[PDB]
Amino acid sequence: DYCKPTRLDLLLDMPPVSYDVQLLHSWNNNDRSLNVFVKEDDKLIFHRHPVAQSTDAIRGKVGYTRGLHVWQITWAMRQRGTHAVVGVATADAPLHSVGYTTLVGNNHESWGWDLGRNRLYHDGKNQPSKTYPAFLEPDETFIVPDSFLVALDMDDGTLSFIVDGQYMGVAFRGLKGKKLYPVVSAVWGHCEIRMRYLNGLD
């Protein structure tokens, strides 16, 4: 009859890493769509050029192969547009499509949470999406707040999210033995998205 911490709980309880370490895990300005750029004045942030009928992605500098890793995404609600997707990808995932689409999750190389739809996509050409968080009823949606956490456990092979301080449950399973990078895909002109790495265990 007492309180036990998860490895996730313990990670969140340690003090977050220095800026130097945040920069090492930040958006890769040499691994991106041609229609986005990392801001020189704030390197935790990328900015999307106003290109019509285009979906654009960018990977984090570090592809995680082991350990638990948690980063914070800030994406202002008003700059999300029709297709705002957050997740992970292999080095082989496409970082651009024509049209407005769920680019992250539309193939075998990416796993994404569509923030507007509250739905998960992976291998979208061949497999159905899933409601997430899974407690949501078919037609029930909530607005994901501006900032939230992404939790990639390469030892369990899982991706999870934390929203408003609450664990949203496991989103994706089956990720052991991969090399997976933070990723987002976006369609909004002049949208800015921040990724701040918090900490890792192992």
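One rule holds for the numbers: they count along the sequence shown, beginning at 1.
Higher mean CA temperature factor between 37-45 and 133-141: 133-141, per the PDB entry. Here the stretch with the larger average CA B-factor, out of 6-14 and 184-192, is 6-14.
Listed residues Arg78, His83, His96, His122 were ranked by CA B-factor as deposited; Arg78 comes out on top. By the numbers in the PDB entry, the CA B factor is greatest at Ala52 among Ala52, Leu68, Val150, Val163. In the deposited entry, the Cα temperature factor of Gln72 sits in the bottom third of values across the chain's modelled residues. For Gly60, the recorded CA temperature factor ranks within the lowest third of the chain's modelled residues. Per the PDB record, residue ranking by Cα B-factor puts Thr102 in the middle third of the chain.
The PDB entry assigns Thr90 a C-alpha temperature factor belonging to the middle third of its chain's modelled residues. Among all modelled residues in this chain, the alpha-carbon of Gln127 has a temperature factor (C-alpha) in the middle third.
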